[PDB]
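Peer 1: sequence, then the experimental structure. Questions to follow.
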There are 6 protein chains.
Amino acid sequence: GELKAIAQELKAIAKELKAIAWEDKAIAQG
Amino acid sequence: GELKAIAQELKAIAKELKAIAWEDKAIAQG
Amino acid sequence: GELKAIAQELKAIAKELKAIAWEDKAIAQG
Amino acid sequence: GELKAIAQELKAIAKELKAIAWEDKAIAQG
Amino acid sequence: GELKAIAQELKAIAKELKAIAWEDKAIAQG
Amino acid sequence: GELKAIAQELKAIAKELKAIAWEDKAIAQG
Ligand SMILES: [Cl-]
Ligand code: NA
Ligand code: NA
Ligand code: NA
Ligand code: NA
């Protein structure tokens, strides 16, 4: 169903934001 | 249910964005 | 209900994006 | 209704991301 | 309807994230 | 239907965030 697909896509979004957070941490640390 | 799953994923997203804000703060500082 | 919880989480997301915008503004200024 | 509230919060979110893009452009110019 | 309004606001958010990716590219370039 | 349109726009958002992560990675490297 589409609500589950939406939940799954939000999970993917959370994962990409976690990647952004880590890269921004690396910029900050530098 | 999937509506709760969606709300929980949005909660995770809010938490990652708080992390990003914290790292960007550190970028501004350095 | 869960729709209200989703609207709430979106509000928290908007709040964090405002913090990000203010930090990116600080990076730009410096 | 909460669906309208959700649409409104997504509108606020789009507005914040436009503000972020503006500052990131200024960072790029610097 | 509000579901279409939500889909249209998500399309606006994607467009803004595109702009952010483009400016981050410009930052990485310089 | 609009729930599929929403899921599709969330997919486009995840794709743009993957692009931001990659550009921020490039900034971190630089
Ligand atoms: Cl930077
Ligand atoms: Na992280
Ligand atoms: Na200014
Ligand atoms: Na560019
Ligand atoms: Na990396």
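Peer 2: Nice, I can see it. Numbering: from 1, shown residues only, chains lettered A, B, ... in the order given. Ligands and ions are numbered 1, 2, ... in the order given.
Peer 1: chain center to the helix or strand harbouring residue A:23, what's the gap?
Peer 2: In the assignment (DSSP states H and E), residue A:23 maps to helix A:2-29. The chain centroid and the centroid of helix A:2-29 are separated by 0 Å, computed with Cα atoms, centre = their mean, to the nearest Å.
Peer 1: and if you look at stretch A:23-30?
Peer 2: 17 Å.
Peer 1: residues in contact with that stretch: which ones?
Peer 2: B:20, B:23, B:24, B:26, B:27, B:29, B:30, F:21, F:24, F:25, F:27, F:28 (Cβ atoms under 8 Å, 6 or more residues apart in numbering or on different chains). Every C-beta, even on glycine, is put in place using the N, C-alpha and C of the backbone.
Peer 1: contacts (any at all) between ligand 2 and that stretch?
Peer 2: No. Stretch A:23-30 does not reach ligand 2 (Cβ under 5 Å from the ion); its nearest approach is 6.6 Å.
Peer 1: buried ones in that stretch?
Peer 2: The neighbour-count criterion (16 or more other Cβ atoms under 10 Å in any protein chain shown) identifies A:23, A:24, A:25, A:27, A:28 as the buried residues of stretch A:23-30.
Peer 1: and the third one, how far is that from residue A:3?
Peer 2: Okay, so that is residue A:25. Remark: distance between residue A:25 and residue A:3 (Cβ to Cβ, to the nearest Å) = 33 Å.
Peer 1: now do residue A:9
Peer 2: Residue A:9 sits 11 Å away from residue A:3, going by Cβ to Cβ.
Peer 1: which of these two has more residues huddled nearby?
Peer 2: The neighbour comparison of residue A:9 against residue A:3 (other Cβ atoms under 10 Å in any protein chain shown) goes to residue A:9, with 21 against 15.
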